[PDB]
Amino acid sequence: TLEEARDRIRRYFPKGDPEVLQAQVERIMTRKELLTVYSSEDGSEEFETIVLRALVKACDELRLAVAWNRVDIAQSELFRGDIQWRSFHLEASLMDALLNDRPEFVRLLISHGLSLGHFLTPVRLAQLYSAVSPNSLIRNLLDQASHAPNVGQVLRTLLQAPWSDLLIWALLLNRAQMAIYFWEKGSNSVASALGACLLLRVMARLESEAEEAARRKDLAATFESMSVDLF
Amino acid sequence: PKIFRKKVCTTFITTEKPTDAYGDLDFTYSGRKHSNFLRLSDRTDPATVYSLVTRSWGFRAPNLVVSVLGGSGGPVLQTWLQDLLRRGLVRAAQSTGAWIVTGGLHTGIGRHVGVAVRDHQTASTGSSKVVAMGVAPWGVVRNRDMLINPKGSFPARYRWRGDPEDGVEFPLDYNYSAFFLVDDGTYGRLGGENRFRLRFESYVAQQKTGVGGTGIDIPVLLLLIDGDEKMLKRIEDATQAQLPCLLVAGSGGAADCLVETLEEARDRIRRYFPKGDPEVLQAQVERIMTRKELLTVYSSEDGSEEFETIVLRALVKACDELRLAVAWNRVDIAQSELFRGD
Amino acid sequence: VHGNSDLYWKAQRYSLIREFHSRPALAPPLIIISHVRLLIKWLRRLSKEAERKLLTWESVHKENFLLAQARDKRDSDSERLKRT
């Protein structure tokens, strides 16, 4: 791949069967795209950048940065001004950051510049409420709401700025860092911190697992202290 | 707040009529504030422009005004100048407190400055923003039709369809803080903007820093990057009206005057950098060489660092520096200028 | 128990005031007038710009609160020890 001297090379590295193995190596040279070199590197370091280099040579890399749960890769790929990242790349990687629990990618991808009124289609909003562990509380609440998308009825049996829809989404699934970030971006903040504290304590009394009820009471105490400090 | 700014500012089509396009301006993006725009005449005074900015929109008085010019790298500029515009220009504009006046459109070096402002705003938590402003001719705006309702004080929902880049109309960039849109009346071509631009720069340069006053005149500097043949008249029209300038290496459009200040080989130089019109442009470059005092070089430096010492070097070459150290609210400059026993 | 009884009393102090505000204001020797009037009724069966100005004012103070919270966390001694 740096390049008869071919028959020479097939007769001092393998030491046997020159022309058959030369046919094999030329089969490898038909697809020299899918071949990389690790020679003049640091050595036992920066392995991950070379994995991205091999996968891009064989060609999405922002979605790989979300899937590996590694933030510096995505950050360095956004400062590189040659690529000029468009809308649908950022929107797809933000859905991967929301379905998984990675809040630092949600903060990084929104700060780059992204439309959320164009983002939350009802298909994507249907996909967010199906990232549910099936033996949780919100799974039973949504199933009983459909037994008689339907989150308004779930709020009723419990009780273009789309930030409040993501706040209610993060409260019902008990994501702490998500719900605090969505509080800090939306408006109408004192009433929404008291509404978050009310809704979390109602769902904490209705919780089966003791650790998750303890988790919800800690988050509701955080929203109470933020409404106190802001007012 | 919207009616007097409708009446006092005017537009001409030449019948000069009251305006219809002003107010706030949001984009599709979320988490961001609103930008201010105004459809303004070309033959109007910058005095009521300055009072409109510093009293109605809400902006502090500048301590420094740096205008960015260039644009020979269309799709991709070098990573070297990308690091210079990211670090060296914007961190001095954020520490000292300054305005960056560029063309508001995407084309030229408007995208590279705006990406530098956004990357500075993301990579650190400076608890503030860098005030970058834009002038742009009204006839080159992509879809100016979303701005037309003459009522006022509204977020106008500006839209990017994703259009291919034709050279008749250009979209506005999204990283600037305020926009000036000058209704020249030709609807065809970039070039009928620079008169109001240079008049507004000299009007800021005439006024002074301070609380009620009693300060230095606000130093206005020019920052030249690659550029074209259409900038040599702008360099001479700037240096005629007593404004200093600074030159980066970049490419040949600035390296014309860089080589001519390092020094017929003249006609040679005017016939491989511009590629056209030798003797007229040689007369222009010699007009620049009449005032070689007001010209500095940024070549053998650290790169994206120590920008502020070179600004002082340009202002002292064009010649108070202790008062500039007070006005920028930076103590190390004044301290180093007091230890120098010369 | 003195501190918890103060916290409990202030929270209940709202609903007690609301009880007097929601009462037919006529004294209980003469309160039959208001009960007759409610028996007759039982037999027969901010501006928008002011709210926008109010909520933008709230968002200004929210941003100053969050910036001062970030500066206090950043100048703490443990995060200086992390950054070193």
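What counts as what
Residues numbered from 1 in each chain as written, not as in the entry; some residues may be left out. Chains lettered and ligands numbered in written order. Part of a larger assembly, values for the part shown. Heavy atoms only, no water. Helix = DSSP H or I, 4+ residues; strand = E, 2+ residues; numbered from the N terminus. Rg over C-alpha atoms; globule rule 2.2 N^0.38 Å. Buried < 20%, exposed > 50% of the residue type's maximum accessible area, 1.4 Å probe, protein only. Pairing = 2+ DSSP bridges. Contact = heavy atoms within 4.5 Å. Axes fitted to C-alpha atoms, helices over the stretch in contact; angles between N-to-C directions. 1 Å grid on protein atoms, 1.4 Å probe; cavity = no way out; pocket = protein on both sides within 12 Å on 5 of 7 lines; lining within 4 Å. Points joined across faces, edges and corners; volume = space filled by probe spheres on them. Nonpolar A, V, L, I, M, F, W, Y, C, P; charged D, E, K, R; others polar. Buried area = accessible area lost by both parts, 1.4 Å probe. Salt bridge = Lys/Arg side-chain N within 4 Å of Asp/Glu carboxyl O. Polar contact = N/O pair within 3.5 Å; in protein donor to acceptor, adjacent residues only side chain to side chain.

Looking at the method and resolution fields of the entry, one finds cryo-EM and 3.14 Å.

The name given to chain C in the PDB entry is Transient receptor potential cation channel subfamily M member 4, and the organism recorded there is Mus musculus. Its PDB title, taken directly from the record, is "cryo-EM structure of TRPM4 in apo state with short coiled coil at 3.1 angstrom resolution".

In the nomenclature of the PDB entry, chain B corresponds to Transient receptor potential cation channel subfamily M member 4 from the organism Mus musculus.

Some thoughts on the overall build of chain B
Of regular secondary structure, chain B possesses 12 helices and 12 strands. By the compact-globule yardstick of 20 Å for 342 residues, chain B fits well, its C-alpha radius of gyration being 20 Å. Across its three principal directions, the C-alpha atoms of chain B cover 60 × 50 × 40 Å. In chain B, which comprises 342 residues, the share counted as buried stands at 50%.

Remarks on the sheet that holds strand β9 (residues 178-183) of chain B
All names here are of chain B. Taking strand neighbours across the sheet as the criterion, the 10 strands line up as β8-β3-β4-β9-β7-β6-β5-β10-β11-β12 in an open arrangement whose pairing is mixed. The outermost strands of the open sheet, each flanked by one partner alone, are β8 (156-157) and β12 (297-298). Pairing between strand β4 (residues 35-41) and β9: 4 bridges, direction parallel. Of the residues in β9, the one forming a bridge with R39 is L181. Of the strands in this sheet, β5 (65-69), β6 (99-103), β10 (220-224), β11 (245-248) and β12 are in contact with helix α3 (residues 79-97), which crosses β11 at around 150°.

Some remarks on empty space enclosed by the protein
Taken as a whole, the largest cavity encloses approximately 110 Å³ of empty space. In terms of lining, the largest cavity is formed by 16 residues, of which the most central are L224(B), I235(B), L247(B), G253(B) and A254(B). When residues of the lining of the largest cavity are assigned to their parent elements, the largest contribution, 3 residues, is made by helix α7 (residues 252-262) of chain B. Considered class by class, the residues forming the lining of the largest cavity number 11 nonpolar, 3 polar and 2 charged. Taken together, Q75(A), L78(A), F79(A), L108(A), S111(A), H112(A), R118(B), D119(B) and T122(B) make up the full set of residues lining the second largest cavity. Its residues assigned to classes, the lining of the second largest cavity comprises 3 nonpolar, 4 polar and 2 charged.

Overview of the interface of chain A and chain B
Many descriptions give the size of an interface as the accessible area lost when the pieces come together. In this complex, chain A contributes 13 residues to the contact, which on the side of chain B involves 14 residues. Together chain A and chain B conceal approximately 1,200 Å² of surface at their shared face, both sides included; 44% is due to carbon and sulfur atoms. Where chain A packs against chain B, one counts 0 salt bridges. Taken together, the links from chain A to chain B amount to 5 residue pairs in polar contact. Residue composition of the side of chain A that touches chain B, by class: 5 nonpolar, 6 polar and 2 charged.

A closer look at the side chain of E308(B)
Residues and elements named next belong to chain B. Take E308: it is sitting in helix α10 (residues 307-317). Judged by its relative accessible area of 11%, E308 is buried. Not counting residues up to four positions away in its chain, the partners in contact with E308 are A92, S95, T96, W328, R330 and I333.

Focus on the pattern of salt bridges
Taken as a whole, this structure holds 26 salt bridges over all chains when the rule is applied. The partner of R70(A) in a salt bridge is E48(A), with the nearest N and O atoms 3.0 Å apart. Using a relative accessible area of 37% as the deciding quantity, one classes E48(A) as partly exposed. In this structure, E201(B) and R197(B) form a salt bridge, with 3.9 Å as the shortest nitrogen-oxygen distance. Taken together, the residues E201(B) and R197(B), both in helix α5 (residues 194-206) and 4 residues apart, mark about one turn of the helix. Pair check on accessibility: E201(B) and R197(B) agree, each one buried. By sharing partners, the salt bridges in this structure join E260(B), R266(B), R270(B) and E286(B) into a single network.

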